[PDB]
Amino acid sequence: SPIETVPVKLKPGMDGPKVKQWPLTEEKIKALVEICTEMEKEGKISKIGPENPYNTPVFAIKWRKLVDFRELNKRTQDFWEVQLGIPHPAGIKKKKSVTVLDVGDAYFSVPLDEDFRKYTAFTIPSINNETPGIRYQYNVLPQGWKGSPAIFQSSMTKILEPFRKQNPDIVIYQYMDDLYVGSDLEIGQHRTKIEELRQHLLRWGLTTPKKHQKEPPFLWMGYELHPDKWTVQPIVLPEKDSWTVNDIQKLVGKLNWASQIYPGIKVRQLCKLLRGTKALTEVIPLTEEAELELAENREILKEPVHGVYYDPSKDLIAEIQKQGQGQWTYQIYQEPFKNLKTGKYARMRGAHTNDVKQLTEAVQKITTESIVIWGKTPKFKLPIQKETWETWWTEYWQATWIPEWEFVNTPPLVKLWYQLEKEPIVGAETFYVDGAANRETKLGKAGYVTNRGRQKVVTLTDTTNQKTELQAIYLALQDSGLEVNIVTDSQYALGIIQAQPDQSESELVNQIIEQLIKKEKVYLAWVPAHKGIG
């Protein structure tokens, strides 16, 4: 072609590949000898001679051909990332017409930096490793070579510039060997322009085909794309009578992907089947509950989920629900009930945190996503009162934020499970708690003594020092009335005061939190340990 080549080079100080030509039968050689005389005439390759010390093994599977560039590739320089981030159905706009042009064969239509070609040398074996084999090399981007994807696209980009300029109201998406061309022109004008494009391309040697011709809807990321809207490619759950772990994991994976689009999907009981499995091929019988939810899911999945595309002229709204502790669901739409996208985030589990914090996190993940999809952030409708937000955030130790949002009374609402008092409680009993353990024998004591004369101690075995300290706080909570002042020298209690977590990785802390939540007033105070403090 008359396309300028891209200057390619080998990684820092490496030399081209020298892997020996795998041995083949006469049937396989006569076939490759065939295919290569073809490519050779199509200008795709060039018979070279002894002036080449490089080589790549050529194979023959059906009689087609396959060149293994694993070696050349590992020696080839790196190119700037070839579009790895693809479009999401929720972000594209509806089109009157969309046509996909298979410019696949164009892979072998783009010239290869003449200087680099020598490295693509390969050998068609001899009938019996007797006489010298047939030597060749590529003049174009080799199928399976590292720089082909990047170079093919950049080349496609240059070529498409003029056309793109001349036809602003026409969108062309380049992906792999395809060109999805969309537009809002009358179908005849569209068809006309596709032909103009097809020709323009033809001008650069890029020939595109009615038979292979692809038509809408299109399969993309698990959606079926129609010009006016999208649908989810129906997902089928293999009804079986013998489930191995592989079957069960794969299943859970697909169900996991479905929870994004379909409401009510559940895998809790199916995941239970994975416990203590001794091998992938191990057959695990489905419990009753597993047989059950796997049944409801088959149903939920029979429901047709359809969607809509992005209309720039309308608002972008994002609604969030708290389907359980740490679990969040959301749907983004412009017009009520016509979603662009939906999804949910894996149960957020951490060392220690709170629901309002988690919320802001779900909010930032959506925002990061939205900026990518629409280059704008959705207006949020959150299940939390503006007061709850103002109270929490304005005082939290960590910087946090939520873009423009509005409250929506869709229970369950996210709230503050408790709030430590800001000042000691007059008239409330004051527990002076303390815990201590031998870090090596794991033996400890936990207890308290109050200004009111109440006291208690407990001996613990196989415990840690932090646990005794917390258990001391726990007992105080357990044994006090609705209002209590608790003083401790526990450094961990210092974190609890600052962060006021409503969820933790520590079961003990969680037990403490359940107590905190239950009290009407709790003042937690910290003092340094080993002082004149009694």
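When you see a residue number, it is the position in the sequence shown, counting from 1.
> Per the record, how many residues of the deposited chain fall between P209 and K210 without being modelled: none, 1 to 3, 4 to 9, or 10 or more?
Replying inline: Gap between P209 and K210: 1 to 3 unmodelled residues.
>> In terms of residues present in the deposited sequence but not modelled, what lies between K62 and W63: none, 1 to 3, 4 to 9, or 10 or more?
In response: Unmodelled stretch: 4 to 9 residues.
> Is the mean CA B factor in the deposited entry higher across 444 to 452 or across 98 to 106?
Replying inline: Averaged over C-alpha atoms, the B-factors run higher in 98 to 106.
> Higher mean Cα B-factor in the deposited model: 466 to 474 or 31 to 39?
Replying inline: The recorded data point to 31 to 39.
>> By the CA temperature factor listed in this entry, which of these ranks top: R164, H190, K214, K344?
In response: By C-alpha B-factor in the record, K214 ranks first.
> Which one, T377, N139, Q334, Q260, has the peak C-alpha temperature factor per the PDB entry?
Replying inline: So the option with the highest C-alpha B-factor is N139.
> Which third of the chain does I486 land in by C-alpha B-factor: lowest, middle or highest?
Replying inline: According to the entry, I486 has a C-alpha B-factor in the chain's lowest third.
>> Test of reading the entry: by CA B factor among the chain's modelled residues, which third contains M156?
In response: CA B-factor rank for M156: lowest third.
> Taking the C-alpha B-factors as the PDB entry records them, is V6 in the lowest, middle or highest third of its chain?
Replying inline: CA B-factor rank for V6: lowest third.
> Of the three thirds of its chain by CA temperature factor, lowest, middle or highest, which one includes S504?
Replying inline: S504: CA B-factor falls in the middle third of its chain.
> Where does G222 sit by CA temperature factor within its chain: lowest, middle or highest third?
Replying inline: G222: CA B-factor falls in the middle third of its chain.
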